[PDB]
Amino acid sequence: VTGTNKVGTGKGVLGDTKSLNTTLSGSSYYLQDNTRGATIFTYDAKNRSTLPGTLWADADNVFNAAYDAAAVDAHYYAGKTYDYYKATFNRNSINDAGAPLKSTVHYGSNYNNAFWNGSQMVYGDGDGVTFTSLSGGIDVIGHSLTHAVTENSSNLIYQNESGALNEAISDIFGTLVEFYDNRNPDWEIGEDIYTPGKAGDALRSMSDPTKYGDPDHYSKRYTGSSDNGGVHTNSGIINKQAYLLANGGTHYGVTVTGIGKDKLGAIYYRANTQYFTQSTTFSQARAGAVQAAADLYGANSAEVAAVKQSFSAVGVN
């Protein structure tokens, strides 16, 4: 759509007020953001298994209706994920070429899943029990757009260790985006959307992978065909490593001194864009991460030391 930029207001999935960038055309306001280097579109699938759906249109530029919630967050958070990458690494969208960011909410009926399908974000509204509208989780969104980022960079195959690393990178950056927007920061994934009723729980833990039965050390890795080689469980290994590198701690004898989340992002972004390949394994991931930290902070630095410590702590060498 083509019109005038406007700033509307709405309430997200969690009932919080957010400022939205909309476009005014005719007597309607559309969920179209024209304020950033990449246009952000948000569609409505009207609870049908169709894509992308109709571009969200509103009459008064006030999205406070319950049906709006999913759209509000999807539109807002997508822009925030864009802000993080642009502000921090000066990356212009997923393909570093201004590719538009489209999102479709209200997909399917009680669909408990949200994902980047290769060209856009697709969100379900959950079944109310195990999930609420999945767009209410900034870490989940950062995770998914990062997948696009990886597709346009290292292109890690979603299989075995390459896949587990692919997932880890997404978790690391999803959390980093959560911190960027100060959206009640933590190292747990999907806490804001998982089980609307039960509080305190999450999809998985970066601080303590074993809290949900995930490997926090290479020795305890899943060695089977299921889940594309345990992609979603073995990611706990790298996630723990990432956590240790950022915050520091003692794990399996090894005592790591945290170098901060900012340096963490710098190291992984560089490693993923200038070193990691499609079949990168964990040990190779260690190699690339160390080299990246070497470039950014000097071969004989405290950072490079901490990188090595983190991997040794989780059993990768």
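Note that residue numbering begins at 1 and tracks the sequence as displayed.
Stretches compared: 254-262, 23-31. Higher mean C-alpha B-factor in the entry: 23-31. The deposited model assigns a higher average Cα B-factor to 219-227 than to the other stretch when 181-189 and 219-227 are compared. Highest CA B-factor among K80, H147, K102, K240, as stated in the entry: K102. Listed residues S170, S119, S162, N110 were ranked by CA B-factor as deposited; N110 comes out on top.
For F131, the recorded CA B-factor ranks within the highest third of the chain. Only modelled residues enter the ranking. Per-chain ranking of the deposited C-alpha B factor places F89 in the middle third. When the modelled residues of the chain are ordered by their C-alpha B factor, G288 lands in the lowest third.
Among the modelled residues of the chain, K211 sits in the highest third by CA temperature factor in this PDB entry. Among the modelled residues of its chain, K198 has a C-alpha B-factor that falls in the highest third according to the deposited record.
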